[PDB]
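Dumped run.cif below, it's mmCIF, C-alpha atoms and all ligand atoms:
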data_query
#
loop_
_atom_site.label_atom_id
_atom_site.label_comp_id
_atom_site.auth_asym_id
_atom_site.auth_seq_id
_atom_site.Cartn_x
_atom_site.Cartn_y
_atom_site.Cartn_z
CA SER A 1 0.00 0.00 0.00
CA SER A 2 2.81 2.33 1.11
CA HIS A 3 6.58 1.92 1.68
CA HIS A 4 7.61 5.03 3.71
CA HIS A 5 10.79 3.38 5.17
CA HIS A 6 12.67 2.69 1.87
CA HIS A 7 16.23 3.05 0.48
CA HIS A 8 17.41 3.56 -3.13
CA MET A 9 19.80 0.84 -4.48
CA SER A 10 21.73 2.25 -7.55
CA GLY A 11 21.93 -0.11 -10.62
CA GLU A 12 25.77 -0.03 -10.47
CA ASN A 13 25.51 -1.98 -7.12
CA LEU A 14 22.74 -4.45 -8.15
CA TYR A 15 23.41 -7.96 -9.48
CA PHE A 16 21.41 -11.14 -10.13
CA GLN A 17 23.21 -14.29 -8.82
CA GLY A 18 23.38 -16.97 -11.57
CA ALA A 19 22.99 -20.79 -11.34
CA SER A 20 24.99 -23.54 -13.15
CA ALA A 21 22.76 -26.21 -14.77
CA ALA A 22 23.77 -29.72 -15.99
CA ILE A 23 21.84 -32.60 -17.59
CA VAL A 24 22.65 -36.25 -16.84
CA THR A 25 21.58 -38.11 -19.98
CA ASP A 26 19.89 -41.56 -20.28
CA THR A 27 21.24 -44.25 -22.75
CA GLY A 28 19.99 -42.40 -25.92
CA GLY A 29 22.69 -39.66 -25.63
CA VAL A 30 22.48 -35.96 -26.71
CA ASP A 31 22.48 -37.17 -30.41
CA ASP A 32 19.32 -39.40 -30.02
CA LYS A 33 17.37 -36.92 -32.35
CA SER A 34 14.59 -37.07 -29.67
CA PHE A 35 14.42 -37.13 -25.83
CA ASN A 36 18.02 -36.41 -24.60
CA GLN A 37 18.72 -34.14 -27.64
CA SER A 38 15.60 -32.02 -26.76
CA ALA A 39 16.99 -31.61 -23.17
CA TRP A 40 20.47 -30.63 -24.52
CA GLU A 41 19.01 -28.09 -27.05
CA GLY A 42 17.00 -26.53 -24.16
CA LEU A 43 20.07 -26.28 -21.90
CA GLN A 44 22.17 -24.76 -24.77
CA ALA A 45 19.36 -22.19 -25.38
CA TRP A 46 19.26 -21.44 -21.60
CA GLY A 47 23.10 -21.03 -21.64
CA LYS A 48 22.87 -18.59 -24.63
CA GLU A 49 20.20 -16.48 -22.78
CA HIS A 50 22.63 -16.30 -19.74
CA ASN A 51 25.81 -15.50 -21.83
CA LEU A 52 27.34 -18.91 -20.83
CA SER A 53 29.25 -21.64 -22.77
CA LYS A 54 29.76 -25.44 -22.47
CA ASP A 55 31.70 -26.31 -19.22
CA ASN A 56 31.36 -22.58 -18.19
CA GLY A 57 27.81 -22.54 -16.66
CA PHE A 58 26.23 -25.62 -18.35
CA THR A 59 27.18 -29.10 -19.61
CA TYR A 60 25.96 -32.68 -20.09
CA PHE A 61 27.19 -36.03 -18.65
CA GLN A 62 26.36 -38.94 -21.02
CA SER A 63 25.30 -42.25 -19.34
CA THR A 64 26.07 -45.55 -21.21
CA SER A 65 24.62 -47.82 -18.42
CA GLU A 66 22.49 -47.67 -15.20
CA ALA A 67 25.72 -47.79 -13.10
CA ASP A 68 26.89 -44.49 -14.80
CA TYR A 69 23.85 -42.51 -13.37
CA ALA A 70 25.22 -42.15 -9.79
CA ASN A 71 28.81 -41.38 -11.00
CA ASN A 72 27.52 -38.68 -13.45
CA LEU A 73 25.25 -37.06 -10.76
CA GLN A 74 28.15 -36.99 -8.19
CA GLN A 75 30.51 -35.48 -10.87
CA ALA A 76 27.81 -32.82 -11.67
CA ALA A 77 27.66 -31.90 -7.90
CA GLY A 78 31.26 -30.51 -8.28
CA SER A 79 30.30 -27.36 -10.29
CA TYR A 80 26.46 -27.46 -10.88
CA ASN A 81 23.68 -26.51 -8.38
CA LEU A 82 20.79 -27.49 -10.73
CA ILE A 83 21.09 -31.10 -11.99
CA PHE A 84 18.58 -32.77 -14.36
CA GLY A 85 18.08 -36.54 -14.48
CA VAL A 86 16.75 -37.04 -18.05
CA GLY A 87 14.76 -40.34 -18.00
CA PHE A 88 12.53 -42.42 -15.66
CA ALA A 89 15.44 -44.95 -15.23
CA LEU A 90 17.36 -42.21 -13.29
CA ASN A 91 14.68 -42.22 -10.48
CA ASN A 92 16.70 -44.02 -7.72
CA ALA A 93 20.10 -42.39 -8.54
CA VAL A 94 18.46 -38.89 -8.37
CA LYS A 95 16.71 -39.78 -5.00
CA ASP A 96 20.17 -40.81 -3.57
CA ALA A 97 22.06 -37.76 -5.00
CA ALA A 98 19.39 -35.29 -3.67
CA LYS A 99 19.69 -36.87 -0.13
CA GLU A 100 23.58 -36.59 -0.15
CA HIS A 101 23.53 -32.94 -1.51
CA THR A 102 20.53 -31.16 0.20
CA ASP A 103 22.16 -27.77 -0.77
CA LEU A 104 21.75 -28.55 -4.55
CA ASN A 105 18.50 -28.75 -6.62
CA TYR A 106 17.57 -31.85 -8.71
CA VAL A 107 14.95 -32.42 -11.46
CA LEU A 108 13.68 -35.87 -12.57
CA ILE A 109 12.18 -35.96 -16.11
CA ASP A 110 9.47 -38.64 -16.82
CA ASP A 111 8.83 -39.90 -13.22
CA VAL A 112 7.93 -38.69 -9.66
CA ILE A 113 10.05 -38.51 -6.47
CA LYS A 114 7.95 -37.72 -3.32
CA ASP A 115 8.84 -35.90 -0.05
CA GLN A 116 12.22 -34.46 -1.24
CA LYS A 117 12.30 -30.61 -0.93
CA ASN A 118 15.31 -30.26 -3.34
CA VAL A 119 13.69 -32.50 -6.08
CA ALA A 120 11.18 -31.42 -8.77
CA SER A 121 9.43 -34.08 -10.92
CA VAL A 122 8.21 -33.54 -14.51
CA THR A 123 5.71 -35.83 -16.30
CA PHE A 124 4.19 -35.56 -19.78
CA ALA A 125 0.74 -36.84 -20.91
CA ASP A 126 2.40 -38.82 -23.76
CA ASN A 127 -0.89 -40.85 -23.93
CA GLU A 128 -2.61 -37.65 -25.25
CA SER A 129 0.06 -36.93 -27.95
CA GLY A 130 0.10 -40.72 -28.70
CA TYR A 131 -3.72 -40.68 -29.28
CA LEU A 132 -3.29 -37.87 -31.90
CA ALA A 133 -0.49 -39.95 -33.55
CA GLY A 134 -2.92 -42.94 -33.60
CA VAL A 135 -5.70 -40.83 -35.27
CA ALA A 136 -3.11 -39.64 -37.84
CA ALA A 137 -1.87 -43.23 -38.46
CA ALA A 138 -5.46 -44.62 -38.87
CA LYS A 139 -6.32 -41.85 -41.41
CA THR A 140 -3.29 -42.68 -43.71
CA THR A 141 -2.80 -46.55 -43.51
CA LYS A 142 -3.61 -48.35 -46.85
CA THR A 143 -2.59 -51.87 -45.56
CA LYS A 144 -4.67 -51.28 -42.34
CA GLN A 145 -1.57 -52.47 -40.35
CA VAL A 146 0.72 -50.15 -38.26
CA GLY A 147 3.78 -50.74 -36.02
CA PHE A 148 4.85 -49.50 -32.55
CA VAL A 149 8.57 -49.90 -31.57
CA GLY A 150 9.00 -49.22 -27.81
CA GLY A 151 12.34 -48.80 -25.99
CA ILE A 152 11.94 -50.39 -22.53
CA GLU A 153 8.62 -51.81 -21.23
CA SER A 154 7.58 -49.25 -18.56
CA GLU A 155 4.71 -47.06 -17.21
CA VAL A 156 6.16 -44.23 -19.43
CA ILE A 157 6.25 -46.09 -22.80
CA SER A 158 2.90 -47.82 -21.91
CA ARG A 159 1.26 -44.31 -21.85
CA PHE A 160 2.52 -43.77 -25.45
CA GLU A 161 1.35 -47.29 -26.48
CA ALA A 162 -2.09 -47.15 -24.74
CA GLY A 163 -2.77 -43.64 -26.18
CA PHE A 164 -1.59 -44.71 -29.68
CA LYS A 165 -3.79 -47.91 -29.69
CA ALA A 166 -6.84 -45.92 -28.39
CA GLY A 167 -6.32 -43.21 -31.08
CA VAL A 168 -6.15 -45.77 -33.93
CA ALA A 169 -9.30 -47.53 -32.52
CA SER A 170 -11.24 -44.17 -32.37
CA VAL A 171 -10.94 -43.88 -36.23
CA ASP A 172 -11.01 -47.60 -37.33
CA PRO A 173 -10.98 -50.49 -34.75
CA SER A 174 -10.26 -52.97 -37.64
CA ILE A 175 -6.63 -51.61 -37.96
CA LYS A 176 -3.93 -53.98 -36.54
CA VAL A 177 -1.22 -52.43 -34.27
CA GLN A 178 1.94 -54.62 -34.06
CA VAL A 179 3.82 -53.84 -30.76
CA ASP A 180 7.52 -54.81 -30.23
CA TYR A 181 10.09 -53.54 -27.65
CA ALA A 182 13.86 -53.21 -28.27
CA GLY A 183 14.71 -53.47 -24.52
CA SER A 184 16.97 -50.33 -24.87
CA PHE A 185 16.85 -46.56 -25.72
CA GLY A 186 20.38 -46.76 -27.30
CA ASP A 187 20.30 -49.94 -29.52
CA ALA A 188 19.92 -48.79 -33.20
CA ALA A 189 20.61 -52.34 -34.59
CA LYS A 190 17.61 -53.72 -32.58
CA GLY A 191 15.41 -50.86 -33.93
CA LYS A 192 16.41 -51.73 -37.55
CA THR A 193 15.65 -55.52 -37.20
CA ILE A 194 12.26 -54.85 -35.42
CA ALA A 195 11.26 -52.25 -38.08
CA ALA A 196 12.35 -54.64 -40.92
CA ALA A 197 10.11 -57.42 -39.43
CA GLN A 198 7.11 -55.04 -38.83
CA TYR A 199 7.29 -53.72 -42.48
CA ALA A 200 7.75 -57.30 -43.89
CA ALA A 201 4.57 -58.35 -41.92
CA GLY A 202 2.59 -55.55 -43.73
CA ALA A 203 2.87 -52.37 -41.56
CA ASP A 204 2.99 -49.20 -43.77
CA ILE A 205 3.52 -46.86 -40.70
CA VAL A 206 5.87 -47.40 -37.69
CA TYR A 207 5.69 -45.13 -34.59
CA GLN A 208 9.13 -45.35 -32.88
CA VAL A 209 9.10 -44.49 -29.13
CA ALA A 210 12.60 -45.77 -28.32
CA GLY A 211 15.00 -42.78 -28.12
CA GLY A 212 18.25 -43.52 -30.05
CA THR A 213 16.99 -47.08 -30.88
CA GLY A 214 14.67 -45.17 -33.32
CA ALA A 215 17.69 -44.26 -35.55
CA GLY A 216 17.52 -47.95 -36.72
CA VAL A 217 13.77 -47.59 -37.58
CA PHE A 218 14.63 -44.48 -39.74
CA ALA A 219 17.55 -46.40 -41.38
CA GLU A 220 15.23 -49.38 -42.23
CA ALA A 221 12.45 -47.15 -43.71
CA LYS A 222 15.08 -45.20 -45.75
CA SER A 223 16.47 -48.51 -47.26
CA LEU A 224 12.94 -49.80 -48.18
CA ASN A 225 11.86 -46.40 -49.61
CA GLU A 226 15.14 -45.89 -51.62
CA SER A 227 14.50 -49.22 -53.49
CA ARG A 228 10.79 -48.37 -54.19
CA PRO A 229 8.58 -45.91 -56.11
CA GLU A 230 7.45 -42.79 -54.12
CA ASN A 231 3.73 -43.90 -54.15
CA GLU A 232 4.74 -47.28 -52.46
CA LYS A 233 6.73 -45.57 -49.63
CA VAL A 234 6.42 -46.69 -45.99
CA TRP A 235 5.97 -44.08 -43.15
CA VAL A 236 7.69 -43.39 -39.77
CA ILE A 237 6.01 -41.32 -36.99
CA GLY A 238 8.57 -39.06 -35.20
CA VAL A 239 8.87 -38.75 -31.39
CA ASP A 240 9.82 -36.06 -28.80
CA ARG A 241 11.16 -33.55 -31.42
CA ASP A 242 9.69 -32.63 -34.84
CA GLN A 243 11.82 -35.17 -36.84
CA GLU A 244 10.58 -34.08 -40.38
CA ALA A 245 14.23 -33.30 -41.40
CA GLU A 246 15.24 -36.99 -40.70
CA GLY A 247 12.61 -38.37 -43.22
CA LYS A 248 14.16 -36.85 -46.42
CA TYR A 249 15.12 -39.42 -49.13
CA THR A 250 15.19 -39.97 -52.94
CA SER A 251 12.67 -42.58 -54.30
CA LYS A 252 13.72 -45.36 -56.78
CA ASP A 253 11.88 -43.44 -59.61
CA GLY A 254 14.14 -40.38 -58.80
CA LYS A 255 11.36 -38.42 -56.91
CA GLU A 256 12.41 -36.61 -53.69
CA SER A 257 10.04 -37.21 -50.76
CA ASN A 258 9.70 -37.43 -46.97
CA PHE A 259 8.62 -40.61 -45.07
CA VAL A 260 7.85 -38.75 -41.77
CA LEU A 261 4.01 -38.67 -41.54
CA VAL A 262 3.71 -36.85 -38.20
CA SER A 263 5.80 -36.28 -34.98
CA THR A 264 4.70 -36.43 -31.32
CA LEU A 265 6.34 -33.50 -29.45
CA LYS A 266 7.58 -33.61 -25.85
CA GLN A 267 9.01 -30.20 -24.86
CA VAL A 268 11.91 -31.53 -22.68
CA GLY A 269 14.21 -28.65 -23.81
CA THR A 270 11.58 -26.00 -22.98
CA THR A 271 11.11 -27.55 -19.47
CA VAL A 272 14.92 -27.59 -18.87
CA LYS A 273 15.13 -23.88 -19.85
CA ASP A 274 12.00 -22.85 -17.84
CA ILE A 275 13.07 -24.73 -14.63
CA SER A 276 16.69 -23.45 -15.00
CA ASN A 277 15.24 -19.86 -15.06
CA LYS A 278 13.10 -20.67 -11.97
CA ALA A 279 16.24 -22.03 -10.17
CA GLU A 280 18.33 -18.88 -11.02
CA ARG A 281 15.48 -16.61 -9.70
CA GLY A 282 15.45 -18.63 -6.39
CA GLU A 283 11.94 -20.01 -7.22
CA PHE A 284 12.91 -23.67 -7.77
CA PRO A 285 9.69 -25.78 -7.46
CA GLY A 286 11.16 -28.35 -4.99
CA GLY A 287 8.73 -31.09 -3.86
CA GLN A 288 6.31 -30.33 -6.74
CA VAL A 289 5.18 -32.55 -9.65
CA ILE A 290 4.87 -30.55 -12.91
CA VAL A 291 2.36 -32.16 -15.35
CA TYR A 292 2.56 -31.14 -19.04
CA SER A 293 -0.36 -32.17 -21.28
CA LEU A 294 -2.00 -31.20 -24.61
CA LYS A 295 -3.76 -28.19 -22.93
CA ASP A 296 -0.48 -26.39 -21.96
CA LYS A 297 1.27 -27.54 -25.24
CA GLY A 298 3.87 -29.55 -23.21
CA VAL A 299 3.03 -32.37 -25.66
CA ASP A 300 1.56 -31.84 -29.17
CA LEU A 301 1.48 -33.40 -32.66
CA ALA A 302 3.48 -31.83 -35.52
CA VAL A 303 1.07 -32.45 -38.46
CA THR A 304 3.79 -32.28 -41.22
CA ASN A 305 2.72 -34.61 -44.17
CA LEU A 306 -0.77 -35.66 -42.91
CA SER A 307 -3.78 -35.36 -45.33
CA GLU A 308 -6.36 -32.56 -44.68
CA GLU A 309 -8.92 -35.25 -43.58
CA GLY A 310 -6.31 -36.52 -41.05
CA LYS A 311 -5.65 -32.94 -39.80
CA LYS A 312 -9.44 -32.39 -39.23
CA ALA A 313 -9.71 -35.73 -37.28
CA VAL A 314 -6.61 -34.69 -35.20
CA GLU A 315 -8.09 -31.21 -34.41
CA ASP A 316 -11.46 -32.88 -33.47
CA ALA A 317 -9.62 -35.50 -31.31
CA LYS A 318 -7.47 -32.75 -29.70
CA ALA A 319 -10.61 -30.63 -28.95
CA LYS A 320 -12.42 -33.67 -27.37
CA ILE A 321 -9.32 -34.41 -25.13
CA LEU A 322 -9.31 -30.76 -23.88
CA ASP A 323 -13.20 -30.92 -23.44
CA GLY A 324 -13.04 -34.12 -21.31
CA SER A 325 -15.51 -35.89 -23.71
CA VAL A 326 -12.70 -38.40 -24.63
CA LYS A 327 -10.53 -39.82 -21.78
CA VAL A 328 -7.26 -41.23 -23.25
CA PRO A 329 -6.16 -44.32 -21.23
CA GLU A 330 -2.65 -44.28 -19.62
CA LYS A 331 -2.25 -48.12 -19.63
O1 LIG A 401 17.43 -42.32 -23.39
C1 LIG A 401 16.19 -42.31 -23.45
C2 LIG A 401 15.43 -41.98 -24.61
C3 LIG A 401 14.09 -41.98 -24.56
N1 LIG A 401 13.40 -42.26 -23.41
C4 LIG A 401 11.93 -42.26 -23.41
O2 LIG A 401 11.51 -42.65 -24.71
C5 LIG A 401 10.57 -41.68 -25.23
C6 LIG A 401 10.59 -41.65 -26.74
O3 LIG A 401 11.90 -41.40 -27.25
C7 LIG A 401 11.02 -40.38 -24.54
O4 LIG A 401 9.94 -39.47 -24.53
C8 LIG A 401 11.32 -40.89 -23.12
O5 LIG A 401 10.15 -41.07 -22.36
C9 LIG A 401 14.06 -42.58 -22.24
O6 LIG A 401 13.48 -42.83 -21.19
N2 LIG A 401 15.43 -42.60 -22.34
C1 LIG A 402 -17.42 -42.09 -33.59
AS1 LIG A 402 -15.58 -42.77 -33.49
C2 LIG A 402 -15.18 -43.60 -31.76
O1 LIG A 402 -15.35 -43.97 -34.74
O2 LIG A 402 -14.49 -41.43 -33.74
NI NI A 403 3.72 -2.28 -2.22
NI NI A 404 16.31 1.61 6.80
#
What would the structure in this file look like if it were written as structure tokens?
Ligand SMILES: O=c1ccn([C@@H]2O[C@H](CO)[C@@H](O)[C@H]2O)c(=O)[nH]1
Ligand SMILES: C[As](C)(=O)[O-]
Ligand code: NI
Ligand code: NI
Amino acid sequence: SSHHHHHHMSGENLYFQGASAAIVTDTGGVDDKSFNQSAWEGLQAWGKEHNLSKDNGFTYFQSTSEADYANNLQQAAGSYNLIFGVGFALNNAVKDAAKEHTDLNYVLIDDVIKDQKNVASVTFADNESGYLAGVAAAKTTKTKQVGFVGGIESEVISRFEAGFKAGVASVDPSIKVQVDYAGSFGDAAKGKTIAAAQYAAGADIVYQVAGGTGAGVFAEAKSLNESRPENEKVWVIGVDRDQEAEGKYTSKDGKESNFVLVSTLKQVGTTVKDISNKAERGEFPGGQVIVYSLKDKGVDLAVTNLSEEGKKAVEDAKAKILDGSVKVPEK
């Protein structure tokens, strides 16, 4: 109302104290074209906004196995006071690191840690984006058979799968969805052999929800499409980032096309940047669970090469998810 007892602080004497933010990466690595890459692009963009550079305010520690998680988190505790665990698999290692370093702030992406004041948890309604990918897939299949390549069987990938199946069923319940899991988010060779088998069995669209394993699914679709006419091409649905640029190829009949139908978006980078800004301002949301869904555009579908009929069905499906008229299952 009033502030009679006040003192003027000159701008020459004022500063904002900065934070140092690091990501600890899951198996996919910062070149997975999807989940970990999104996180890394977000941290780089945060670093740029704060006039920082790699290993001078921000960096990444790549994990190659589960045993690496703890070592990477402990290494990050040396110079960083905001540390991101990028992947549900990092749950336990983040819990342990947050308990040993109560003075530092920790974020878990894709799962929830309870009753830890220095931990924030971020989840995405990947069922809702998956549903839209399913509607898109059902509106473009000619063979009436589509493929789903998961990374690791889990609550997280089951949301994608359950949403995708439900979305396909909402358009045409007669469509067959072949489901196979690679058992890794960093095994490209397994992605290629699963995609090869799913296409050979009559899938004309594969949705790859497997991080870096998905590079094999792109490689398989490129090989098939290179040795075929453009009108006989087979589709891939992108994940986490808009992957349209990865679907470019030249057909057998010399035509240049794109085999990316649509991409589910998961704004991991945007979350990294937004929470890093909250941490620097001393407003770190410790103990909170942050839920991103279709409503807040934390997940979305990039429509890319979908037919106008498909786009209308997507917009109708999206509107019904926001309305509450359609409840997308999580299992
Ligand atoms: O290293 C990785 C890569 C991907 N994912 C999961 O796989 C999904 C699809 O890439 C991502 O949204 C994320 O939930 C992981 O858990 N770890
Ligand atoms: C009326 As319907 C469930 O086929 O979109
Ligand atoms: Ni006032
Ligand atoms: Ni005074």
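Shell of residue 30 of chain A at 9 Å, with only C-alpha atoms counted and residues fewer than 4 places along the chain excluded, is residues 25, 26, 34, 35, 36, 37, 38, 39, 40, 41, 60 and 62 of chain A.
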Between chain A and ligand NI 403 (chain A), at 12 Å or less, what are the per-residue closest atom pairs and their distances in Å? Count all atoms listed in the file, order by chain and rising residue number, and return it as CSV.
residue,atom,partner,partner_atom,distance
A:1,CA,A:NI403,NI,4.9
A:2,CA,A:NI403,NI,5.8
A:3,CA,A:NI403,NI,6.4
A:4,CA,A:NI403,NI,10.2
A:5,CA,A:NI403,NI,11.7
A:6,CA,A:NI403,NI,11.0
For residue 320 of chain A, list every protein, DNA or RNA residue within 12 Å, evaluated using all atoms listed in the file, and leave out those in the same chain fewer than 6 positions away; present the list as an mmCIF file with C-alpha atoms, in the frame of the given file.
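File produced: part08.cif:
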data_model
loop_
_atom_site.group_PDB
_atom_site.id
_atom_site.type_symbol
_atom_site.label_atom_id
_atom_site.label_comp_id
_atom_site.auth_asym_id
_atom_site.auth_seq_id
_atom_site.Cartn_x
_atom_site.Cartn_y
_atom_site.Cartn_z
ATOM 1 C CA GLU A 128 -2.610 -37.650 -25.250
ATOM 2 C CA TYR A 131 -3.720 -40.680 -29.280
ATOM 3 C CA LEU A 132 -3.290 -37.870 -31.900
ATOM 4 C CA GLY A 167 -6.320 -43.210 -31.080
ATOM 5 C CA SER A 170 -11.240 -44.170 -32.370
ATOM 6 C CA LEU A 294 -2.000 -31.200 -24.610
ATOM 7 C CA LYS A 295 -3.760 -28.190 -22.930
ATOM 8 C CA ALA A 313 -9.710 -35.730 -37.280
ATOM 9 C CA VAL A 314 -6.610 -34.690 -35.200
ATOM 10 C CA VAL A 326 -12.700 -38.400 -24.630
ATOM 11 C CA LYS A 327 -10.530 -39.820 -21.780
ATOM 12 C CA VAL A 328 -7.260 -41.230 -23.250
#
**OP:** Residues up to 8 Å from ligand LIG 402 (chain A), counting only C-alpha atoms and all ligand atoms: could you list those as an MDAnalysis selection string?
**Re:** chainID A and resid 169:173
Against ligand LIG 401 (chain A), which residues of chain A fall within 7 Å? For each one I want the closest pair of atoms and the distance in Å (one decimal), counting all atoms listed in the file, rows by chain and increasing residue number, as CSV.
residue,atom,partner,partner_atom,distance
A:25,CA,A:LIG401,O1,6.8
A:26,CA,A:LIG401,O1,4.0
A:27,CA,A:LIG401,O1,4.3
A:28,CA,A:LIG401,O1,3.6
A:29,CA,A:LIG401,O1,6.3
A:34,CA,A:LIG401,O3,5.6
A:35,CA,A:LIG401,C7,4.9
A:36,CA,A:LIG401,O1,6.1
A:87,CA,A:LIG401,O6,4.2
A:88,CA,A:LIG401,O6,5.6
A:89,CA,A:LIG401,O6,6.6
A:110,CA,A:LIG401,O5,6.1
A:151,CA,A:LIG401,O2,6.3
A:156,CA,A:LIG401,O5,5.9
A:157,CA,A:LIG401,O5,6.4
A:185,CA,A:LIG401,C1,4.9
A:186,CA,A:LIG401,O1,6.6
A:209,CA,A:LIG401,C6,4.0
A:210,CA,A:LIG401,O3,4.6
A:211,CA,A:LIG401,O3,3.5
A:212,CA,A:LIG401,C2,6.3
A:239,CA,A:LIG401,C6,5.7
A:240,CA,A:LIG401,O4,5.5
A:266,CA,A:LIG401,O4,6.5
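You will find atom CA of residue 146 of chain A at 12.7 Å from atom CA of residue 196 of chain A.
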**OP:** Skip residue 55 of chain A itself and residues of its chain fewer than 2 positions away, then list as an NGL selection string all residues within 12 Å of it, counting all atoms listed in the file.
**Re:** :A and (20-23 or 43-44 or 47 or 52-53 or 57-61 or 76 or 78-80)
Subject >> Atomic separation - atom CA of residue 292 of chain A relative to atom CA of residue 324 of chain A, Å >> reply: 16.0 Å
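When atom CA of residue 24 of chain A is paired with atom CA of residue 159 of chain A, their separation reads 23.4 Å.
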**OP:** Extract, using all atoms listed in the file, all DNA, RNA and protein residues at most 10 Å from residue 116 of chain A, discarding same-chain residues fewer than 6 positions from it, and format them as JSON, numbers by chain.
**Re:** {"A": [95, 98, 99, 102, 106, 286, 287, 288]}
Original post:
Smallest atom-to-atom distance to residue 220 of chain A: which of A:160, A:148, A:235, A:16, using only C-alpha atoms?
Top reply: A:235
**OP:** Using only C-alpha atoms, determine which residues lie at most 6 Å from segment 302-308 of chain A, disregarding the query and same-chain residues fewer than 2 positions distant; provide the list as a ChimeraX atom specification.
**Re:** /A:261-263,310-311
Subject >> Option closest in space to residue 141 of chain A, from A:234, A:107, A:227, A:192 [counting all atoms listed in the file] >> reply: A:234
Box centre and edge lengths (Å, one decimal), axis-aligned, segment 266-271 of chain A plus 6 Å each side, as AutoDock Vina command-line options:
--center_x 10.9 --center_y -29.8 --center_z -22.7 --size_x 18.6 --size_y 19.6 --size_z 18.4
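Counting all atoms listed in the file and comparing A:125, A:319, A:188, A:221, the residue that lies closest to residue 331 of chain A is A:125.
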